Structure formats: structure tokens, C-alpha cells
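First, one chain by itself in C-alpha cells, the form deposited without the partner chain.
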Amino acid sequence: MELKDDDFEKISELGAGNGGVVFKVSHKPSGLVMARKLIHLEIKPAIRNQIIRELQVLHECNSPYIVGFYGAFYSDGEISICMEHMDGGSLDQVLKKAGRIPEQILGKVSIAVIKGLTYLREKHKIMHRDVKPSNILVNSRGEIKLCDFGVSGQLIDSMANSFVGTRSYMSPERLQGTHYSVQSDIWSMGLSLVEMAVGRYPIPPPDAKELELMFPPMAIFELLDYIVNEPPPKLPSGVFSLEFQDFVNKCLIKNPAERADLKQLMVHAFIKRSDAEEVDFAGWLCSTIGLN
């Protein structure tokens, strides 16, 4: 069925962050609850047609690790992406409630991010371009899915960009120039996992007394200079398994050719161990964020 603006009904607002605002909506003719993201763009009619045309490949992006898509359309200065409503929200939101996400749970997430990225790469020859906790979605069925990946190049271009400034998940190479590709997503995942594991954006790293308590903010140039020139972030020892520690280290190597790739991580000790693990993520999620 084709989706049109007048067939939806707002339920609640899910967020923004930015350019694009996302609401929880009821598609009146199906009865389905969807999450509709509207992106306001001052764009010519020919290239907004290109954006919609390119977005149609989302109908072919079906994977347990990729957020479901319903349809894409243009309304009144806004392009709409109607997708599966993830009743658990983003990992950024669950981290706010959790304070800290456990290692076992982070193993289940890591498995989903690698499998999600492998899917987009193998099946669709596309890179995520923005792997961070808010673009990693969860639900009460215990599902961990990716969204906000760069399926449309023209949309990628049209939405720009640097809306940070105390948190950048950009790899040192992407921060430094045009010399980036799929390896950038590895870094972003690596950084995201350290954040969720420790309970805060890991730059600047925490001191002796800061880590003791757990277990003013930074200027844009200070943070970016840290990323590109200072040694990469690490997981604190003792509190985390050597397997997780090595895994994040492999992800956060500043040299993208030295950095581990999806292939290597997929067979990493940490992943192999998490795959064996019997983890009720669904039950953990609902009890920590307040659902079931």
C-alpha cells in the first residue's frame, strides 16, 4: 500500500536530533503503529524525487538487525520516512535510564551491530555513516536493530552535519578529511560501546578518582584534537573482561587499515563468547526502562 500524509495521525513525539523530527503515528488505513521521521529540506523538486527514489531500496533492507521500513514520501516541504516503531527506543535513551549497560548485554548489541553492518555491506554495498547509541534501536521482543544508515547519497548530502559539540562519534580519518570508508563505522561502534559500558561519552577519559566513584565540558577543537592526536579510549581493566577490552581496542585503532574489519570482529573471542551466552535481553530491557 502507498503511504500519504492525510492517512496518518500523531500519537506522541519520539524526538529530534536534528533537521528530522520523529513522531509515533497511527497509519489509519492499516491500523499499524509506525515511527514517522519528517525531514525539512529546502530542495528543488527534481532532487527531492531522487531522494524518494533512492529511499525505495529500504523496502529491500530486510534483516532482523535492520529497522523495518514502510514507505517514503514528500509532503509539505518535508520528506517522510515511515518505519517500524521500536517500543524500547534508542540505546542512548536506555543508557540514560540504566546509567551503565552490562557487558553481557553489550555483547548482544555488538553481535547485532556487526550483523547489521555486514547485511548492509554484503547485500546492499552501503555503509552506515553514523553508528551511535541513538541510531541503534531496541524493542520488547528483545530485538536490536540499526537505522539512520546512508541508503540515499542525495539525502546524505542534503542533511549536513556537525550538530555535536560535546560528543563526536566520527573516526580520526573522517574528522581529518575525505579519506574514509566502511572502517569508519568500526570506530563509531567501538566508541559507542565504551560509552554504554562506562556510562558517559569517553572523551576526555576518566581519571583515577572518577573510575573509583563509578566502579566543565569540552570545547569543539579540544575534543576533535583529542580524537585525532591523543591515544584512543580504552575500557578500564578488572571491571571488564580482557576479551571485551581487546575487542574495543581492535575497533578503536586510529589507523583504519590496522583497525579490525567486520570479518575479523565476527570471529573475535568476545563475539564467540557472547553468542554462546544465554541472555534475556528483552527481560533486562523492560525491567530497566519500564515496559512489560
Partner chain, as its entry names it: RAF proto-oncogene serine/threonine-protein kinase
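Positions refer to the first chain, counted from 1.
Omitted from view is the form deposited with the partner chain bound, to which the following refers.
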**Among 80-88, 164-172, 106-114, 138-146, the region lying within 4.5 Å of the partner chain in the deposited bound form by heavy atom distance** = 164-172
**Message:** Taking the partner chain as it sits in the deposited bound form, is residue 229 near enough to touch it, meaning that at least one heavy atom pair lies within 4.5 angstroms?
**Reply:** yes
**Message:** I'd like to know if residue 118 sits close to the partner chain in the deposited bound form, meaning any non-hydrogen atom pair within 4.5 angstroms.
**Reply:** no
**Message:** in the deposited bound form, is there a heavy atom of the partner chain that lies within 4.5 Å of any heavy atom of residue 156, even though the partner is absent here?
**Reply:** yes
**Item:** Contact of residue 44 with the partner chain in the deposited bound form (heavy atom, 4.5 Å)
**Value:** yes
**Message:** With the distance limit set at 4.5 angstroms and only heavy atoms considered, check whether 177, 180 and 225 all reach the partner chain in the deposited bound form.
**Reply:** yes
